[PDB]
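Working through the structure, step by step
Residues per chain, in single letters:
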There are 2 protein chains.
Amino acid sequence: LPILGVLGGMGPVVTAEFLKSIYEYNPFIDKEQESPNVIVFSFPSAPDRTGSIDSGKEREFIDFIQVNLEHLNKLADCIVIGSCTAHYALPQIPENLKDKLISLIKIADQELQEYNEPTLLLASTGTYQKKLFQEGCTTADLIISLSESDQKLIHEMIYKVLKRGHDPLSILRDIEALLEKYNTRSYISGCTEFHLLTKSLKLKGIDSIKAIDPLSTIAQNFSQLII
Amino acid sequence: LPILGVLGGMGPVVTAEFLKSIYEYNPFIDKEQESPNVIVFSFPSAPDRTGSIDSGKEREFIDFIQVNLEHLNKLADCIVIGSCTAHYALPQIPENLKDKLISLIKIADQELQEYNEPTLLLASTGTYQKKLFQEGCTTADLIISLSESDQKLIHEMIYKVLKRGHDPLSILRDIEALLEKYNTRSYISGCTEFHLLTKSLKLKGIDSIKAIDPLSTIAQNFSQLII
Ligand SMILES: *[C][C@](*)(C(*)([O])=O)C(*)(*)(*)([N])C(*)(*)([O])=O
Ligand SMILES: *[C][C@](*)(C(*)([O])=O)C(*)(*)(*)([N])C(*)(*)([O])=O
């Protein structure tokens, strides 16, 4: 009966891998009928998120979301947007469409409250420009913001490696480096692509790092979260 | 602009992995905007397909499809059902809903015509009961039907291993065995789960076997097939 709608494609590789996680972390006992009921709107054609801010038409982007939320509100019970940045348009949307919503920022916020140690916000320059975490989280004093320099190095990783579907473990060495620099053993997948990393770490059984990955957190607690 | 709708979840593991293939086999050059626009209805709760035939209510199952096709006809340009068996309900659906459809049986049929050697139809007992390939394919004389005995051994693989998300390569030895028995170096993923195998073979670079996997064939030729 209960159905999740996912407005994704903003990271189509991640979008796919996220759905894969949902069934990985909710494997049925006897019958498939048991398993999670998901709807995925995978639209890569969504106007570039970090590039919609740096041009005149954020107007075009907000429309995209509104249109697709109007659809998903009918077909789903709960709704998730598979892009953190993308949440920046939610001020502009009428409150009725956001009734079913589950903020990736709120999920990250709760996770960080329980973990309760300083944690590095891994996000692109454009994700940071929107200040979604600094405004949105109650646990904001525990968030370590990257330097503008390192935000661009993370922009490289996301777009040049992760988004292109290459092995997430390749960037691991560069991420371990940052973690020592900013002096934590933990990260927030500000940019959703780090769902891909989060998995690859768990797969390798590398427990040295604590990952606050909202998409993992959703997948795992699907049975609870979806009403 | 062009959008594919996928009525899936009949194999939720496959459904996820299929979407992953779409982006694996259509990796963008410069911008993600380029990439494939997909909608996925992943509903595991679809009444058991092989078990809907062996009870009174195939009536319940046909409704499920019709309802979801009515939806997808609005939101998509082309439509695919992520289950071969599931095509057995298409006689009962009004022709207007099937205007956008892409038959997994037709795709398998074309592929087999070009390959043009005897090829083993790997499918469950229930998939066979519906005789979808024997009636649907023009290339039907090239299809080698499994023995009823071996259909149940494939039922085991599908449900006990593949559907439960375990490594598809584990069954490989048992599949190589069948291929030698029925005396081919080729197979048809009658049951869609063998998308999972098809990938795992390609990943390993095992070219000894020729796989007629419709879901691979769709993913690869997305740019062409979707109008
Ligand atoms: C901005 C990035 C994206 O996917 O468009 C990032 N993954 C995000 O939104 O969190
Ligand atoms: C019957 C099986 C299923 O997925 O329900 C098989 N994968 C098929 O339909 O091809």
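- What the entry reports as its method is X-ray crystallography, with 3.40 Å given for the resolution.

1. As for the pattern of salt bridges
- Within the structure shown, the criterion is met by 22 salt bridges over all chains.
- Taking the shortest distance from any N to any O, the salt bridge between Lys199(A) and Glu24(A) comes out at 2.9 Å. Of this pair, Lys199(A) sits in helix α9 (residues 194-204) while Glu24(A) is found in helix α1 (residues 12-24), placing the two residues 175 residues apart along the sequence.
- Exposure remark for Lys199(A): the relative accessible area of 8% places this residue in the buried category.
- Across the pair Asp63(B) and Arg59(B) runs a salt bridge, and its minimum N-O distance is 3.3 Å. With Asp63(B) and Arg59(B) both in helix α3 (residues 58-75), this residue pair falls four residues apart, about one helical turn.
- Using a relative accessible area of 46% as the deciding quantity, one classes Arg59(B) as partly exposed.
- Sharing partners across several salt bridges, the network here consists of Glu17(A), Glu24(A), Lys199(A) and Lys20(B).

2. Observations concerning the sheet that holds strand β3 (residues 78-81) of chain A
- Taken in spatial order, the six strands line up as β3(A)-β1(A)-β2(A)-β2(B)-β1(B)-β3(B) in an open sheet, and their pairing is mixed. A strand with exactly one partner marks an edge of an open sheet, and here the two such strands are β3 of chain A together with β3 (78-81) of chain B. Averaged over all neighbouring strand pairs, the angle between strand axes comes to 15°, with direction disregarded.
- Bridge analysis of strand β1 (residues 3-8) of chain A against strand β2 (residues 37-42) of chain A gives six bridges, and the strand direction is parallel. Of the residues in β2(A), the one forming a bridge with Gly5(A) is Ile39(A).
- The sheet strands contacting α1(A) are β1 and β2 of chain A together with β2 (37-42) of chain B, and the helix crosses β2(A) at an angle near 175°.
- Sitting on the sheet, helix α1 (residues 12-24) of chain B is in contact with β2 of chain A together with β1 (3-8) and β2 of chain B, with an inclination near 175° to β2(B).

3. Considerations on the nonpolar core
- By size, the foremost hydrophobic cluster in this structure holds 166 residues, and its most contacted members are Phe133(A), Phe194(A), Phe133(B) and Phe194(B).
- With sequence-adjacent residues up to four places away left out, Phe133(A) is seen in contact with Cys84(A), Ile105(A), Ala108(A), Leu121(A), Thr127(A), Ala140(A), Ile143(A), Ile188(A) and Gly190(A).

4. Here's the deal with the relation of the copies chain A and chain B
- Take chain A, turn it by 180°, move it 0.0 Å along the axis, and it overlays chain B with an RMSD of 0.0 Å. Expressed as an axis order, the relation between the two copies is that of a two-fold axis. Taking C-alpha positions as the reference, the residue of chain A nearest the rotation axis is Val40(A), at 2.5 Å.
- A high fraction, 100%, of the interface residues of chain A reappear at the interface in chain B, so the copies pair face to face through one surface.

5. A look at the domain arrangement of chain A
All names here are of chain A.
- Segmenting chain A into domains produces domain 1 (1-105 + 215-227) and domain 2 (106-214).
- For domain 1 and domain 2, the distance between their C-alpha centroids amounts to 20 Å.
- The partner domain 2 presents 30 residues to the 29 residues of domain 1 that form the contact.
- Between domain 1 and domain 2, roughly 2,400 Å² of surface is buried when both sides are summed, and carbon and sulfur atoms account for 60% of that area.

6. Here we look at the packing of helix α8 (residues 169-181) of chain A against α9(A)
Residue and element names in this part refer to chain A.
- At their nearest, the axes of α8 and α9 sit 10 Å apart, and the two run at 95° to each other. The angle between α8 and α9 falls in the class roughly perpendicular. Within the contact between the two elements, α8 uses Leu 169, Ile 171, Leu 172 and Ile 175 and α9 uses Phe 194, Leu 197, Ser 200, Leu 201 and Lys 204.
- In terms of residue class, the contact of α8 with α9 is built from seven nonpolar, one polar and one charged.

7. A few points about the site of ligand 2
Residues and elements named next belong to chain B.
- For ligand 2, the full set of nearby residues is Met 10, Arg 49, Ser 83, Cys 84, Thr 85, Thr 127, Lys 163, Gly 190, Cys 191, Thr 192 and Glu 193.
- In the model, an oxygen atom of ligand 2 is placed 3.0 Å from a nitrogen or oxygen of the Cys 84 main chain.
- Between ligand 2 and the protein, one listed contact pairs an oxygen atom with a side-chain N or O atom of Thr 85 at 3.1 Å.
- Across the complex, the protein chains shield 100% of the 270 Å² of accessible surface that ligand 2 would expose by itself.
- Class assignment of the residues belonging to the shell around ligand 2 gives a composition of three nonpolar, five polar and three charged.

Cut-offs used in this document
For each chain, numbering begins from 1 and proceeds through the sequence as written. The entry may number the same residues differently, and residues missing coordinates are not shown. As a convention, the first chain written is A and the first ligand written is 1, with the rest following in written order. Think of the side-chain values as coming from all heavy atoms in the structure, minus any hydrogens and water. For this analysis, a salt bridge means a side-chain nitrogen from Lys or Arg found within 4 Å of a carboxyl oxygen belonging to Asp or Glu. Each helix corresponds to a stretch of at least 4 residues labelled H or I by DSSP, and each strand to a stretch of at least 2 residues labelled E; elements are numbered beginning at the N terminus. The classification of residues rests on relative accessible area computed with a 1.4 Å probe and restricted to protein chains. Under 20% of the type maximum is buried, over 50% is exposed, and intermediate values are partly exposed. Here the rule is simple: two strands pair whenever DSSP picks up at least two bridges between them. For helices, the axis comes from a line fit to the C-alpha atoms of the stretch in contact; other axes are also lines fit to C-alpha atoms, and the angle between any two N-to-C directions lies between 0 and 180 degrees. By definition, residues are in contact when any of their heavy atoms lie within 4.5 Å. Put simply, a nonpolar core is a bunch of buried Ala, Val, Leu, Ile, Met, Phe, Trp, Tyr and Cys residues held in one set by side-chain atoms that sit within 4.5 Å of each other. Between copies, superposition is a least-squares fit restricted to the C-alpha atoms. Either an automatic procedure or a domain database provided the assignment from which the domain bounds are taken. Computed with a 1.4 Å rolling probe, the buried area is the accessible surface lost when two parts are put together, summed over both parts. Here the word oblique covers every angle except those under 35 degrees (roughly parallel), over 145 (roughly antiparallel) and from 65 to 115 (roughly perpendicular). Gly falls in the polar group here, along with every residue not listed as nonpolar (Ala, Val, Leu, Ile, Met, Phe, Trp, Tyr, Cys, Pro) or charged (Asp, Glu, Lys, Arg). Consider each residue's heavy atoms; a residue with any of them within 4 Å of a molecule or strand counts as near. Two N or O atoms form a polar contact when they lie within 3.5 Å of each other; inside protein one atom must be a possible hydrogen donor and the other a possible acceptor, and for residues adjacent in sequence the pair counts only when both atoms belong to side chains. For the area figures, the Shrake-Rupley method with a 1.4 Å probe applies, and any residue is considered shielded solely by the protein chains shown.

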